[PDB]
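What follows is one structure encoded as structure tokens, with my remarks underneath.
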Amino acid sequence: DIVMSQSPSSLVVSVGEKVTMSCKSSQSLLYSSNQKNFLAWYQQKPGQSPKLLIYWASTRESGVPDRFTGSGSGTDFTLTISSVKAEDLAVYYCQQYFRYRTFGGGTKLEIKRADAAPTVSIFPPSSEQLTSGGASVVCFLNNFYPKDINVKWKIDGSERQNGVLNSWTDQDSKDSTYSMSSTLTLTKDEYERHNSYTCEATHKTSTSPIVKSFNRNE
Amino acid sequence: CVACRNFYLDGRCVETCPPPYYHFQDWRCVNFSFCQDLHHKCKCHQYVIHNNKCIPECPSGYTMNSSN
Amino acid sequence: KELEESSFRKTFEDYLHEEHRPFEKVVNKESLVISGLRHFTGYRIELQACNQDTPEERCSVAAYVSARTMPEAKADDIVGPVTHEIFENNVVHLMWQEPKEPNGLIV
Amino acid sequence: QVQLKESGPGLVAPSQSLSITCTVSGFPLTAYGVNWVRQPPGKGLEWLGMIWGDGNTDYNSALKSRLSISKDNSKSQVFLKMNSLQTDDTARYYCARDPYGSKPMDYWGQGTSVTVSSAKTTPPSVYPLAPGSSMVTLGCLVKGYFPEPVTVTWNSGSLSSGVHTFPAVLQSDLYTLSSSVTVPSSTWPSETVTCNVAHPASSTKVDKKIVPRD
Amino acid sequence: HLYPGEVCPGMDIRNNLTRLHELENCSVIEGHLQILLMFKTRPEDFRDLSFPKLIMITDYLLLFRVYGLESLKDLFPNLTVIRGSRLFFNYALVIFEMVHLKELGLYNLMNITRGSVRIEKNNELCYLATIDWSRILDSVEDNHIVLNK
Ligand SMILES: *[C@@H]1O[C@H](CO)[C@@H](O[C@@H]2O[C@H](CO)[C@@H](O[C@@H]3O[C@H](CO)[C@@H](O)[C@H](O)[C@@H]3O)[C@H](O)[C@H]2NC(C)=O)[C@H](O)[C@H]1NC(C)=O
Ligand SMILES: *[C@@H]1O[C@H](CO[C@@H]2O[C@@H](C)[C@@H](O)[C@@H](O)[C@@H]2O)[C@@H](O[C@@H]2O[C@H](CO)[C@@H](O)[C@H](O)[C@H]2NC(C)=O)[C@H](O)[C@H]1NC(C)=O
Ligand SMILES: *[C@@H]1O[C@H](CO[C@@H]2O[C@@H](C)[C@@H](O)[C@@H](O)[C@@H]2O)[C@@H](O[C@@H]2O[C@H](CO)[C@@H](O)[C@H](O)[C@H]2NC(C)=O)[C@H](O)[C@H]1NC(C)=O
Ligand SMILES: *[C@@H]1O[C@H](CO)[C@@H](O)[C@H](O)[C@H]1NC(C)=O
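Okay, here's the thing in structure tokens:
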């Protein structure tokens with residue numbers, strides 16, 4: 001039974017820096033007959049399928065940038081990215097294909113970037129949703145860094161905690177920022193029972209929150 | 225391909241014979257069963279397995295583990 | 694390396710167990769002089785060895801060899817007049833007898 | 001040229017079987033292997049099994065007890081069958097070409113999402129998010150569907166750089182997500198911006214034009 | 001695709017052409033091929049004789065004293081590789097005392113993977129100077145091509 005162990009579980013690096021990650025197999029993957037290692041490295045970008053980067057431990061797959069170098073033999077292997085690009089954000093897996101196939105746990109590569117304030121957008125419920133008897137107030141907080149952000153909802157000036165759903169996107173492949181949606185769901189009746197709706201975002205970027213709001217009446 | 229640079233397997237040219245196949249006559253990949261059939265067709275050369283190759287006889291210092 | 698080549702020639706030595757052309761039965765001799773042959777011409781010579789002729793010949797596999805005779809001195813020298821005609825339009829028709837018997841053929 | 005595509009049911013009842021078909025093109029199944037790999041939500045890649053050119057198979061010693069891999073060489077299709085699924089079998093299932101002896105798995109299918117649940121398949125209600133009274142951000146709320154996934158595009162994919170499609174949130178056996186698109190003010194509402202939402206499991210595909218408010 | 005036909009074992013074909021038809025369906029000869037000592041054969045015997053399925057020989061090809069054979073272009077039109085796993089005294093190709101052979105004509109022969117070429121004592125043999133063996137063998141240093149037309 002071949003066990004593949006990857007380290008570190010994750011690493012953060014700014015664009016341009018060198019990165020190294022390890023893969024260790026419980027059994028030697030070196031084939032006597034050709035003195036090659038039956039080991040491969042895959043890259044899996046968020047929401048995409050895995051892409052082969054390296055095979056035979058050191059052979060780079062067609063169309064793979066020279067930035068990626070595989071090294072090691074027997075049981076200890078390394079993947080190195082000489083100068084990380086923003087686009088390299090992904091989970092890197094090693095696989096042994098000696099006899100049957102086994103994947104490692106993966107190494108998540110994250111990007112460090114300059115701090116960035118979020119772009120805040122607020123949306124009243126759709127007239128179509130209101131016709132159906134529902135009312136979802138959406139607030140988007142886009143393109144910010146670091147990931148930690150705090151969103152507060154206010155209805156008629158008072159804070160609302162109940163009924164809020166938040167979702168964060170994966171780090172952006174091009175600008176290395178994060179985005180998040182915050183949805184406040186109410187019944188149409190409950191929605192029509194108030195006038196002012198506010199979405200307030202607090203980030204390391206400012207002490208004063210980024211505020212967006214609207215009045216139902218308008 | 226009209227012919228293979230390395231080895232032949234399942235209508236394809238391959239770099240090496242991967243496990244669980246064996247290198248045969250330094251050009252094709254064969255399974256255990258094939259190598260076994262050659263061995264028993266003798267029972274000339276009773277074929278053996280060594281270093282991922284199906285070969286006529288054991289190298290010097292080696293003997294046939296009968297079963298496998 | 695020379696004894697790999699020695700054994701090679703020896704391997705084939707060991708592997709080695754109607755129409756009429758001009759011939760000659762060469763008695764008590766290990767040479768032949770083939771006379772009356774066409775100038776600068778190649779020939780196919782089949783040589784065999786025989787240890788019986790009397791009650792039916794008993795002979796060797798052929799030893800095949802080929803050779804071209806030497807050429808003649810003036811065989812290719814064009815003879816007879818170099819003749820000419822000149823047409824109304826001053827075109828010159830040169831004429832010469834090709835060399836009837838040359839060294840191979842004239843190219 | 002080289003392609004693989006998985007055809008799954010998307011939702012499996014607990015203790016029922018899963019059947020998938022991987023249809024391939026651009027290479028012969030007689031010369032290549034096909035592997036099956038799964039990825040549970042937010043987890044790694046797990047190798048399930050493989051089928052060699054000569055039809056013989058290899059399975060993951062765990063899943064071996066309830067997994068079958070067969071193929072039809074003439075139809076260029078490979079089959080996965082998995083007995084008595086449980087919650088933990090919920091994952092995205094991929095088929096991948098294995099040019100054995102030369103490369104490891106090189107060509108991967110886009111994958112097929114399988115959800116193991118008793119819950120009923122429910123199509124989403126798609127709502128346009130136009131802003132109230139340089140750039141403008143618009144959105145699309147995709148609410149009350151099951152199971153995952155949904156595909157969201159903007160102007161059938163014409164719009165891509167300014168797009169953010171948020172992970173769905175599950176509340177009461179129904180998922181909801183939102184997608185935003187940021188476009189130049191000069192392009193909207195003067196030019197149409199449409200959100201295109203597909204929910205394969207319910208065989209629904211809807212378009213919602215984002216219309217300005219009064 | 002690759003090898004549609006059979007894999008056949010090596011053969012030593014002597015005296016008459018009868019056994020030669022055993023190569024009928026071979027795409028690969030897993031062994032050597034020797035054709036020798038055919039003294040009664042004439043061109044007529046070769047006019048309708050062809051093995052277009054033969055693509056490769058794992059060991060060596062040897063031709064010695066085969067009468068009436070003037071070219072190999074129709075015998076082995078598609079022979080592409082001679083691997084030379086086993087050799088005849090260091091040679092992967094041997095053409096010797098082929099009385100009547102005018103050309104090799106192995107127009108599909110691209111590679112000799114191991115071993116050298118020995119072409120000797122073929123008094124009618126031409127189209128040798130026209131072959132660039134450096135395209136077929138890594139080392140032509142050990143070739144022995146002499147005493148031919
Ligand atoms: C004919 O085809 C072969 C196909 O690979 C061409 O490459 C030669 O391949 C042989 C193995 O098939 C190599 O030989 C090996 O060399 C190593 C030492 O380097 C030795 O350890 C092995 O025992 C074996 O002898 C050979 O190096 C390699 N040569 C080159 C230049 O690639 C060959 O070149 C082809 N020739 C022509 C003229 O097309
Ligand atoms: C193990 O190998 C045998 C023999 O393989 C055949 O011969 C090889 C040299 C090569 O040419 C292979 O591609 C051949 O298949 C297998 O037996 C054959 O099985 C096929 C069906 O898959 C059948 O049509 C053939 O007639 C069989 N031929 C013989 C000679 O038996 C056998 O299936 C293999 N077993 C396993 C477990 O892989
Ligand atoms: C060359 O092959 C032909 C065709 O048969 C094929 O080869 C067999 C070994 C087997 O794999 C068949 O399924 C293939 O179709 C042989 O010719 C035929 O031989 C059979 C008897 O074996 C006879 O019934 C047919 O009528 C023959 N057909 C023709 C057109 O001749 C042939 O004998 C094989 N020769 C050699 C040397 O292998
Ligand atoms: C071919 O040679 C064999 C002996 O090797 C002989 O028995 C057979 O009759 C010969 N056939 C022909 C057609 O020459």
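Chains as they are written, first to last, in the entry's author numbering: chain A, 1 to 218; chain B, 225 to 267, 274 to 298; chain C, 694 to 710, 754 to 843; chain D, 1 to 133, 139 to 219; chain E, 1 to 149.
Here a beta-carbon is modelled for each residue, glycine too, at the ideal position from N, C-alpha and C.
- In summary, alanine 62 of chain D is exposed, with fewer than 16 beta-carbon neighbours lying within 10 Å of its beta-carbon over all protein chains present.
- In terms of Cβ geometry, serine 125 of chain D and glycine 149 of chain D form a close pair [threshold 7 Å].
- Put simply, the CB of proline 104 of chain D is near chain A, with a gap under 7 Å to one of its CB atoms.
- Relative to ligand 2, even the nearest heavy atom lies 6 Å or more away from the CB of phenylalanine 96 of chain E.
- Around the beta carbon of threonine 130 of chain E, fewer than 16 other beta carbons lie within 10 angstroms, which makes this residue exposed.
- Of the residues assessed, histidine 264 of chain B falls on the exposed side of the cut-off, its CB having fewer than 16 other CB atoms within 10 angstroms.
- When secondary structure is reduced to three states using DSSP, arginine 702 of chain C falls in the helix class.
- Ranked by Cα distance from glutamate 124 of chain E, the options E:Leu20, E:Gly115, E:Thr41 and E:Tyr67 are led by E:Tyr67.
- Taking 7 Å as the threshold, the shortest C-beta distance from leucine 2 of chain E to chain B falls below it.
- Going by C-alpha positions, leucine 830 of chain C is about 55 Å away from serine 139 of chain E.
- The C-beta separation of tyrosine 246 of chain B from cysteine 284 of chain B comes to about 4 Å, placing the pair in contact by the 8 Å criterion.
- Residue contact check for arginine 236 of chain B against chain D: a CB pair falls below 7 Å.
- Annotation for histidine 264 of chain B: the continuous alpha helix (DSSP H) segment containing it runs 256-266.
- Chain-order list of chain B residues neighbouring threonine 30 of chain D: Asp234 and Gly235, by C-beta distance under 7 Å.
- In the same chain as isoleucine 57 of chain E, and ignoring 5 residues on each side of it, the C-beta atoms closer than 6 Å to its own belong to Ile29, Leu33 and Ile82, in chain order.
- Collapsing the DSSP output to three states places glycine 162 of chain D in a helix.
- Taking non-hydrogen atoms of ligand 1 into account, the C-beta of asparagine 34 of chain A is found less than 6 Å away from none of them.
- For the region 7-38 of chain A, the residues whose beta carbon sits under 9 Å from a beta carbon of chain B are, in order, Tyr31, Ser32, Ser33, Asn34, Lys36 and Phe38.
- At a cut-off of 7 Å between beta carbons, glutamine 276 of chain B makes no contact with chain E.
- Per DSSP, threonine 122 of chain D is not a residue of any beta strand (DSSP E), being assigned neither H nor E.
- The beta carbon of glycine 111 of chain D sits closer than 7 Å to some beta carbon of chain A.
- Taken in chain order, the whole beta strand (DSSP E) runs of length 3 or more contained in the region 67-118 of chain A are 68-73, 76-81, 90-96 and 107-112.
- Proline 40 of chain D and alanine 91 of chain D do touch by the CB rule: their CB atoms are close to 4 Å apart, below 8 Å.
- In this structure, DSSP gives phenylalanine 46 of chain E a helical state, which the three-state scheme calls helix.
- Distances taken from the Cβ of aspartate 54 of chain D to the heavy atoms of ligand 2 include one shorter than 6 Å.
- In the three-state reduction of the DSSP assignment, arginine 19 of chain E falls in the helix class, which pools H, G and I.
- Between the alpha carbons of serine 22 of chain A and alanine 135 of chain A lies a distance of about 50 Å.
- Below the 7 Å Cβ cutoff, chain A contributes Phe98 and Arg99 as neighbours of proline 243 of chain B, in chain order.
- One alpha carbon belongs to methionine 140 of chain D, the other to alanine 13 of chain D, and they sit about 46 Å apart.
- By the criterion of a C-beta distance shorter than 7 Å, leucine 179 of chain D is surrounded in its chain by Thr122, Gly149, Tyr150 and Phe151, once the five residues flanking it on both sides are discounted.
- In the DSSP annotation of this structure, the continuous segment of the beta strand (DSSP E) that includes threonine 187 of chain D starts and ends at 180-189.
- Assigned with DSSP and collapsed to three states, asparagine 73 of chain D falls in helix.
- With a cut-off of 8 Å on Cβ pairs, the region 88-107 of chain A is not in contact with the region 130-148 of chain A, counting fewer than three such pairs.
- Taking a Cβ-Cβ threshold of 7 Å, the residues of chain D close to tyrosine 55 of chain A are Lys103 and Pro104, in chain order.
- For a Cβ distance threshold of 7 Å, residue set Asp234 of chain B lies close to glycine 53 of chain D, ordered along the chain.
- Contact annotation, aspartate 142 of chain E with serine 116 of chain E: C-beta distance approximately 4 Å; criterion of less than 8 Å satisfied.
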